[PDB]
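The form deposited in one PDB entry is given below as one chain in structure tokens.
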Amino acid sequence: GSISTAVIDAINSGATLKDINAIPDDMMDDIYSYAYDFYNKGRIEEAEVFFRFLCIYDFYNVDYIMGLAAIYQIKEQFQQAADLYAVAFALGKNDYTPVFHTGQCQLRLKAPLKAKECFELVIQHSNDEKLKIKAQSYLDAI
């Protein structure tokens, strides 16, 4: 998957496609928009390929990671989704949306203590009042 690719790239430490500027920003932006065209039409399998392609080129991009994580959550691949949401959070320190979704995934993974920690982080640190209500509704049910 995307994470294994990132680690292999790191182990081998060779020239990556991004390191050589193999695809310009404008083209990457276009491909990202195409990925969501597929996604928005329910063509989740094509969208997944396009987001995997984006994540091979530039894994450390919050927008690419969040798109792929969303697909895995929809497909009920909850551990892969949680792992990617956690990457997205590390890259995007100030957005607690990936932490909220990690909590949802942890609940489906039968890990309520991890989920509780996620939802509590949202309540204590997010400035998104609507996200906080949603996190509290999950907390109330745990």
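Rigid core (definition): largest C-alpha set, two forms, superposition within 1.5 Å. Residues carry their position along the shown sequence, with the first being 1. Shifts are known only where both forms have a C-alpha.
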property	result
118-126 or 15-23, whichever carries the higher mean Cα B-factor	15-23
Of 98-106 and 24-32, the one with larger mean CA B-factor	24-32
Highest recorded Cα temperature factor - choice among 55, 91, 84, 70	91
Position of residue 62 among the chain's modelled residues by C-alpha B-factor, lowest, middle or highest third	lowest
Chain-wide C-alpha B factor ranking for residue 49, given as lowest, middle or highest third	lowest
Among modelled residues of the same chain, the CA temperature factor third for residue 142	highest
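Quick note: we don't show the form deposited with a partner chain bound, though the next part is all about it.
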item: Residue 107, heavy atom within 4.5 angstroms of the partner chain in the deposited complex; value: no
item: Residue 111 within 4.5 Å of the partner chain in the deposited complex, heavy atoms; value: no
item: Core superposition between the shown form and the other one, C-alpha change of residue 12 at least 2 Å; value: yes
item: Did residue 21 shift 2 Å or more between the shown form and the other one, C-alpha, core superposed; value: yes
item: Pairwise C-alpha change, residue 65 versus residue 7, in the deposited complex against this form - closer or farther, 3 angstroms or more; value: farther
item: Outcome for the Cα pair residue 45, residue 9 in the deposited complex, compared with this form (closer or farther; change of 3 Å or more); value: farther
item: Consecutive-residue runs (3+) with Cα displacement of 2 Å or more between the shown form and the other one, core aligned; value: 2-22
